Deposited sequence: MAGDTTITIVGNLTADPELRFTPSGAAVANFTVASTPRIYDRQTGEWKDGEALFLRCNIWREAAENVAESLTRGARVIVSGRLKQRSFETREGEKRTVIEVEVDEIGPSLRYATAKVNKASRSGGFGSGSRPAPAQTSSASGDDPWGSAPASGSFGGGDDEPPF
């Protein structure tokens, strides 16, 4: 089958960044969202430069909009997790100066 998800919440901590043996960047963070009618924490993952952009521009307590797919993996005493497709900061209660980086294809 398939599964996509969109989440709006606040960062719990700041995006922790780490690089892979291959060189590929992997940001990491967890979005906490409390619906109105609670408390749900979703840990997300991002790759490639978008990983570095996140770690570089976001901080704990930031309101974000996330679209991605679900994922699970085993831990030792399976938990759901989110594969980020694209992430941005909400302008619902904030503003932001945006600086794109040019080089379209790659």
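Residues of the deposited sequence with no modelled C-alpha atom fall in the ranges 1-2, 40-50, 91-96, 126-164.
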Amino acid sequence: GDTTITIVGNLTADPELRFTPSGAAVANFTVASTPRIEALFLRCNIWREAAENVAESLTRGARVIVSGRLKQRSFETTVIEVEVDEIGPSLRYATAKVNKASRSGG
From here on, numbers count along this sequence of modelled residues.
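The question of which stretch, 13-21 or 83-91, has the higher mean Cα B factor is settled in favour of 13-21. Two stretches are in play, 62-70 and 47-55, and the higher mean C-alpha B-factor belongs to 47-55. Per the PDB record, residue ranking by Cα B-factor puts residue 39 in the highest third of the chain.
Compared with the other modelled residues of the chain, the Cα B-factor recorded for residue 6 ranks in the lowest third.
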